[PDB]
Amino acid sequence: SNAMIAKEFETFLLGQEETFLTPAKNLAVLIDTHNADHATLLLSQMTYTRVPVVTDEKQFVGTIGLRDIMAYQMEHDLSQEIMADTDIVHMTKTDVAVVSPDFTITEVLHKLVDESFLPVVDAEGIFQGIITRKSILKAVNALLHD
């Protein structure tokens, strides 16, 4: 049937529903108005391959990675001097998904198919954290040892 195991798998996920959030407090992000050459230097040393993009007013703009930056620099064949004069927002992936702080497990697992982590903003627009694929896979791995 696969509907009984789907119900048992869902109930177990609600047990770790609160431990899914990676808060913005300890979470490296970027500013949408810093230059692109500088963000290439920062992303070339950070641990994660994609980071959230916020502002001074902390409005969530989107996500960005070296893939998005290098694609902009390669597709348009732009030198390093032009990159130091180009804002990050012109290559920030803004057409991404997002969930409210009162997120449901069905939205999480569904939207986590397309992006590697799920941004958690507020009802106003303030970026507050992310839900990573790694966090969900930790719960899936904890189900096999019980």
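Position 1 is the first residue in the sequence shown; the rest follow in order.
- In this entry, the higher average B-factor at the C-alpha atoms falls on 53-61, of the pair 74-82 and 53-61.
- The stretch 98-106 shows the higher mean C-alpha B-factor when 98-106 is compared against 37-45 in the entry.
- Which of 112, 27, 69, 89 has the largest Cα B-factor in the deposited entry comes down to 27.
- Per the deposited record, the Cα B-factor of residue 13 falls in the middle third when ranked against the other modelled residues of its chain.
- Among the modelled residues of its chain, residue 19 has a C-alpha B-factor that falls in the highest third, as given in the PDB entry.
- Among all modelled residues in its chain, residue 131 ranks in the lowest third by Cα B-factor.
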